[PDB]
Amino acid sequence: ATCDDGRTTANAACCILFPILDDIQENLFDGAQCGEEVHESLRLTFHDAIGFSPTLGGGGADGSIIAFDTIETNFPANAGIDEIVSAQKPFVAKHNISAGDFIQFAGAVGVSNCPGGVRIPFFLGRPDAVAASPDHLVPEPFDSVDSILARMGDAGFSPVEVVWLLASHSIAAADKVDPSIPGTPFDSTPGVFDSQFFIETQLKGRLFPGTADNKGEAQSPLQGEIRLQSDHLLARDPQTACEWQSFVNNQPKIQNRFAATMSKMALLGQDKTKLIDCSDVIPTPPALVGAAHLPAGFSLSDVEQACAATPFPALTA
């Protein structure tokens, strides 16, 4: 189909997305940058979608975190999410897509601005949310591996798929974990969707980048980096460690797994056969240019190798 401005998409119902695309690139993502707003919108896709529990309810990826923000932003795990909820809500009011569609569309458009990134499959037509998420469904950085895996498992994600989704932390920072140092990233390249997160989490903890007593925070291997206790443990746990290491210097696998598992997450609570495929509306991400590396001056002796099956790859630094 050819839309009114002459841009093309496989399914005509998708044409309504193009003015929305233009609006968010300019006015949500500050001229299509891979910065804070993109990172925040990617975090939002998960805090919306993970509100899904067979036994308790919640409609998963349904826009409930905006529609019922009064409720959901009261949950402690949603700390700091109010900012991006407030930024996104006028876009939803202005345009004519559901909040659930908008959150996933904005997260996919956002990721597409990041070098190394992917086009996450995107489906149009989610109905408005009809219920708030139950409380206590969002993993916390101070939860054990067992508890995180059980929560993620309850929502339909195997332990490997939890590792796959956590590629998100390659383009990510913390403001609330240590409020003395807001915007400290999880990896050395928060504007690049790459394997640095999986490399650098495997390093020995050395210091705290701000204060030393924060709940959910592990020692970081670098002054300019923050480490979550959850990432620290998952990189090291027998359940997830070999999969975590499998991503190191393996950008093709990161791309494939992250796109597929993000699509599954975007569709929690939904039925893709009732929706319209609009994946071709997502912009083409830039590619990587620079090779995966240990931080300069670090070596293999700094890595806490946790995969018995396979030695940590030999990377230069």
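Residue numbers run from 1 along the displayed sequence.
Asks: Would you mind comparing 5 to 13 and 21 to 29 for me and telling me which has the higher average C-alpha temperature factor in the entry?
Replies: Comparing 5 to 13 with 21 to 29, the higher average CA B-factor belongs to 5 to 13.
Asks: Highest mean C-alpha temperature factor of the two stretches 139 to 147 and 88 to 96, which is it?
Replies: Averaging CA B-factors over each stretch, the winner is 88 to 96.
Asks: Return the residue from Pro134, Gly156, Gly117, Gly205 that has the highest Cα B-factor in the entry.
Replies: In the PDB entry, the greatest C-alpha B-factor among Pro134, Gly156, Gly117, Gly205 is found at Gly156.
Asks: Return the residue from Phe198, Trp164, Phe123, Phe102 that has the highest Cα B-factor in the entry.
Replies: Reading the PDB entry, the winner on C-alpha B-factor is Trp164.
Asks: Going by the recorded CA B-factors, say which third of the chain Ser41 sits in, lowest, middle or highest.
Replies: Highest third, going by the recorded CA B-factors of the chain.
Asks: When the deposited Cα B-factors of this chain's modelled residues are ordered and cut into thirds, is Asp82 in the lowest, the middle or the highest one?
Replies: Highest third of the chain for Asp82's C-alpha B-factor.
Asks: Consider only the C-alpha atoms of the modelled residues in this chain, order them by B-factor as the entry records it, and name the third containing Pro179: lowest, middle or highest.
Replies: CA B-factor rank for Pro179: highest third.
Asks: Could you tell me which third, lowest, middle or highest, the C-alpha B-factor of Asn74 occupies within its chain?
Replies: For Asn74, the deposited C-alpha B-factor lands in the lowest third.
Asks: Using only modelled residues of the chain, where does the Cα B factor of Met265 rank: lowest third, middle third or highest third?
Replies: Top third by C-alpha B-factor.
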